[PDB]
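Report on one structure; see the data block that follows.
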Amino acid sequence: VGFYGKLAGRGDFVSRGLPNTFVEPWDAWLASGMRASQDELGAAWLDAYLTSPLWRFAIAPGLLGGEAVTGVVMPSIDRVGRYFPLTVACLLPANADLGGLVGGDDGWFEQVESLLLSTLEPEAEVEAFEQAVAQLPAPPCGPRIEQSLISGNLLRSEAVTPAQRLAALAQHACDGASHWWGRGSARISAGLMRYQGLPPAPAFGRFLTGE
Amino acid sequence: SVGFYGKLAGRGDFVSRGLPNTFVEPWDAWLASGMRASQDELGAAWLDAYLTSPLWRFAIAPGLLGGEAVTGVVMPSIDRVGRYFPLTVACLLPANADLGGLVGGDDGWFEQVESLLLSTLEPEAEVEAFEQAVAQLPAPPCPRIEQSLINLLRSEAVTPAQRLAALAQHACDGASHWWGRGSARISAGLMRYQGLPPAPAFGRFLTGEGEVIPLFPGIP
């Protein structure tokens with residue numbers, strides 16, 4: 001586990017534990033979505049951003065480097081008033097069971113939410129945050145069901161019981177996709193969102209404003 | 001609610017009950033294309049493969065045949081005068097039914113359906129009893145998590161259980177899943193096609209043969 005983004009106690013971008021193969025594309029994606037949403041919401045942006053939900057996510061291999069990625073992202077700010085989210089992320093193997101993770105117990109994500117939220121107490125120590133994250137376990141995520149591609153167009157899974165078949169379908173639904181869920185807020189209802197790929201920049205405001 | 005279509009040993013012609021043509025027309029054309037392509041590919045080897053091939057349980061998305069979803073079991077079969085065609089028992093479901101929980105749910109309905117199809121191979125089962133049994137058969141225990149759009153798919157899933165069920169339903173959309181106990185030649189497992197199996201893929205249901213690229217490994 002590592003983190004990347006802005007914290008109120010520091011003026012610059014801060015990042016620990018994450019390679020550039022994640023951070024570069026992640027930063028670019030957030031930056032584009034930050035600007036598009038600003039253009040769209042204009043004067044109403046700040047109020048939307050500052051009350052928006054923390055978002056738990058699971059992103060399939062190949063979207064942000066070769067590894068799968070899970071974590072939580074929270075609206076944040078630096079020491080000098082510039083806005084940008086704070087993200088705690090764990091890189092997982094390409095055969096990770098994102099299915100069971102999205103459909104799994106909430107506990108890892110609640111632990112990450114608590115850490116992130118803590119960074120918005122005035123007396124927050126950034127080095128205390130950096131250590132908690134550095135001492136943070138990966139989430140309980142096992143290997144996905146054995147699968148092969150046969151003659152270009154059949155996916156065969158070694159699933160022989162009802163539980164294994166369910167697991168294999170859910171795992172498949174995560175491939176090539178990003179999944180976003182969590183508690184929502186008083187403007188956005190708790191629920192799950194899937195995008196094929198990373199969300200497009202103009203879809204970024206949907207993280208901030210509901211219907 | 002359940003019906004059947006195909007051939008069985010006790011009747012000389014095609015037999016169909018309880019199923020609309022919306023299903024049968026395409027289902028027939030798809031089996032026939034498959035039969036013909038598997039036959040061309042396999043040649044003299046075809047009949048041996050066919051006769052000993054598995055019973056395949058399936059769940060098919062809405063709009064790949066007619067506009068209902070379909071679940072069932074299909075078995076290699078034959079008519080009273082020796083011509084080959086599969087026998088299928090099929091239940092048509094609402095286009096919004098949860099195929100995920102069915103593919104990933106209790107085997108019981110499917111095992112019951114397989115026992116009925118198997119009964120028709122017995123010299124000499126009464127055809128009337130098979131039809132009666134199929135007609136008395138309940139729908140499977142399967143209503144998908146509420147979802148909408150904005151690219152974006154929002155599911156109304158607020159618990160890990162609901163998120164798991166949402167993900168599994170999504171893997172079924174636009175797809176056909178085929179699974180079962182296998183045979184001496186094909187291991188038990190699960191198969192997915194985007195859409196219906198292409199006709200030249202029909203053969204794989206009889207032989208399990210293919211160019212295998214491993215994607216994700218087994219665990220010790």
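Going through the structure tokens in order, the chains are called A, B, and so on, while each chain numbers its residues from 1 and the ligands are numbered from 1 in the order shown.
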Original post:
Where in chain A does DSSP assign strand (DSSP E or B), given as an MDAnalysis selection string?
Top reply: chainID A and resid 2:5 14:16 55:59 68:74 77 83 86:92 96 143 147:150 154:157 177:182 191:197
**OP:** Can you pull out every residue within 12 Å of segment 5-11 of chain B, counting only C-alpha atoms, but drop anything in the same chain fewer than 4 positions away, and send it as a PyMOL selection string?
**Re:** chain B and resi 15-21+23-29+31-32+72-91+116-131+134
Need to verify the contact set: residue 194 of chain A, 9 Å, only C-alpha atoms, exclusion of same-chain residues closer than 3 positions in sequence. Can you return it as a PDB file with N, CA and C atoms, in the first residue's frame?
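Written file, selection.pdb:
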```pdb
ATOM      1  N   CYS A 174     -15.056  -7.695 -13.935  1.00  0.00           N
ATOM      2  CA  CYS A 174     -14.054  -6.702 -13.610  1.00  0.00           C
ATOM      3  C   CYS A 174     -13.014  -6.466 -14.686  1.00  0.00           C
ATOM      4  N   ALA A 177     -12.188  -3.018 -16.900  1.00  0.00           N
ATOM      5  CA  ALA A 177     -13.137  -2.110 -16.292  1.00  0.00           C
ATOM      6  C   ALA A 177     -12.586  -1.461 -15.066  1.00  0.00           C
ATOM      7  N   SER A 178     -13.242  -0.360 -14.680  1.00  0.00           N
ATOM      8  CA  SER A 178     -13.080   0.210 -13.338  1.00  0.00           C
ATOM      9  C   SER A 178     -14.419   0.180 -12.577  1.00  0.00           C
ATOM     10  N   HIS A 179     -14.351  -0.164 -11.309  1.00  0.00           N
ATOM     11  CA  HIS A 179     -15.559  -0.223 -10.492  1.00  0.00           C
ATOM     12  C   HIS A 179     -15.398   0.768  -9.367  1.00  0.00           C
ATOM     13  N   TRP A 180     -16.474   1.494  -9.057  1.00  0.00           N
ATOM     14  CA  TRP A 180     -16.443   2.592  -8.069  1.00  0.00           C
ATOM     15  C   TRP A 180     -17.667   2.434  -7.195  1.00  0.00           C
ATOM     16  N   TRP A 181     -17.502   2.470  -5.870  1.00  0.00           N
ATOM     17  CA  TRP A 181     -18.634   2.304  -4.935  1.00  0.00           C
ATOM     18  C   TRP A 181     -18.291   2.989  -3.630  1.00  0.00           C
ATOM     19  N   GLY A 197     -13.016   0.729 -18.949  1.00  0.00           N
ATOM     20  CA  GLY A 197     -11.826   1.554 -19.004  1.00  0.00           C
ATOM     21  C   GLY A 197     -11.907   2.492 -17.795  1.00  0.00           C
ATOM     22  N   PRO A 199     -13.010   6.170 -16.246  1.00  0.00           N
ATOM     23  CA  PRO A 199     -14.066   7.080 -16.645  1.00  0.00           C
ATOM     24  C   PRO A 199     -13.536   8.205 -17.573  1.00  0.00           C
TER      25      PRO A 199
ATOM     26  N   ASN B 151     -21.886   4.694 -21.447  1.00  0.00           N
ATOM     27  CA  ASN B 151     -20.608   4.475 -20.752  1.00  0.00           C
ATOM     28  C   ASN B 151     -20.734   3.992 -19.276  1.00  0.00           C
ATOM     29  N   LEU B 152     -21.440   4.738 -18.453  1.00  0.00           N
ATOM     30  CA  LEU B 152     -21.541   4.374 -17.051  1.00  0.00           C
ATOM     31  C   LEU B 152     -22.678   3.380 -16.849  1.00  0.00           C
ATOM     32  N   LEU B 153     -22.427   2.374 -16.030  1.00  0.00           N
ATOM     33  CA  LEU B 153     -23.477   1.493 -15.546  1.00  0.00           C
ATOM     34  C   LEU B 153     -23.559   1.699 -14.034  1.00  0.00           C
ATOM     35  N   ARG B 154     -24.640   2.309 -13.537  1.00  0.00           N
ATOM     36  CA  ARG B 154     -24.855   2.362 -12.093  1.00  0.00           C
ATOM     37  C   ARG B 154     -25.726   1.180 -11.640  1.00  0.00           C
ATOM     38  N   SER B 155     -25.282   0.404 -10.663  1.00  0.00           N
ATOM     39  CA  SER B 155     -26.109  -0.631 -10.053  1.00  0.00           C
ATOM     40  C   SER B 155     -26.504  -0.199  -8.664  1.00  0.00           C
TER      41      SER B 155
END
```
**OP:** Please identify every residue of chain A that has at least one atom no more than 7 Å from any atom of chain B, counting only C-alpha atoms, and report them as number ranges by chain.
**Re:** A: 95, 99, 102-105, 145-151, 153-160, 162-163, 165-166, 169-170, 172-173, 190-196
Original post:
Which residues come within 7 Å of residue 92 of chain B, counting only C-alpha atoms, excluding same-chain residues fewer than 4 positions away, as a PyMOL selection string?
Top reply: chain B and resi 68-71
**OP:** Just the residues within 10 Å of residue 18 of chain A, please, counting only C-alpha atoms, with nothing from its chain fewer than 3 positions along; format it as a PyMOL selection string.
**Re:** chain A and resi 1-4+15+21-23+88-91
Original post:
Residues at most 10 Å from residue 201 of chain A, counting only C-alpha atoms, excluding those fewer than 6 positions away in the same chain, as a count of residues only?
Top reply: 9
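Among the candidates A:176, A:202, A:9, A:75, the one nearest to residue 117 of chain A when counting only C-alpha atoms is A:75.
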Subject >> chain B: residues DSSP assigns to alpha helix (DSSP H), reported as number ranges by chain >> reply: B: 21-42, 46-51, 99-103, 108-119, 127-135, 160-172, 204-207
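Summary of the local environment: counting only C-alpha atoms, residues at most 12 Å from residue 94 of chain B, other than itself and those fewer than 6 positions away along its chain, are residues 1, 60, 61, 62, 63, 66, 67, 68, 69, 70, 71, 139, 142, 143 and 144 of chain B.
Here the question is which of B:184, B:44, B:99, B:113 gets nearest to residue 56 of chain B using only C-alpha atoms, and that residue is B:113.
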Subject >> Straight-line distance linking atom CA of residue 34 of chain B with atom CA of residue 96 of chain B, stated in Å to one decimal >> reply: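 For atom CA of residue 34 of chain B relative to atom CA of residue 96 of chain B, the distance reads 27.8 Å.
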